[PDB]
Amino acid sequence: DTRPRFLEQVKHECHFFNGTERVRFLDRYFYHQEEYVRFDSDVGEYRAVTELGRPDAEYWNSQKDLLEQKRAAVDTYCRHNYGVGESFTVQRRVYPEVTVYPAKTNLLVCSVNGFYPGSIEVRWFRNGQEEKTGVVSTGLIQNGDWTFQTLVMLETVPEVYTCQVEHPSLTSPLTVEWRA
């Protein structure tokens, strides 16, 4: 396929700080991956992000009913949709599954699977005390299905090893034990 490609994106972004106590709405226009013009609710009118967006910003800023409508969007759009989705997004809790197994390169893998939300602390312990400098991880992995996972690996010569998991779904830490 010889033909050249041309792509327009638009992202209508609602940013929430302390639930709906503080909201910022951003109406962002893209040509390929280059933002050319944006509306920001903290500014209350359009601004050109590049040369290519100057005509659209002038044009749109001259239509006062258009700007009037966009400035109500923190209430009619952002706060409305937070309120629609809260109970199954903001309040979604899915518990982690924790396994420990040895791997080749010798590694103790602490696998933490199927949890929501994303915020998690995984710590390695060897006979009592905490190891940081021999630990390597996957980072947080989004599975694309409203579920994360992470693999936290201890580079070690296998004593009693304990993997500690802290997640919002758990009243207290989950601590899994592995004996050599």
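Residue positions are given as counts along the sequence shown, with the first one as 1.
Missing deposited residues between residue 19 and residue 20: none, as the chain runs unbroken there. Counting the deposited residues that fall between residue 91 and residue 92 and carry no coordinates gives zero. For the pair 21-29 and 159-167, the record assigns the higher mean C-alpha temperature factor to 159-167. Remark: stretch with higher mean C-alpha B factor among 52-60 and 111-119 is 52-60. Looking at 145, 130, 35, 40, the one whose CA carries the top B-factor in the deposited record is 130.
Remark: of 84, 78, 100, 103, 103 shows the highest value [criterion: C-alpha B-factor in the PDB entry]. In the deposited entry, the Cα temperature factor of residue 66 sits in the top third of values across the chain's modelled residues.
Per the deposited record, the Cα B-factor of residue 44 falls in the middle third when ranked against the other modelled residues of its chain.
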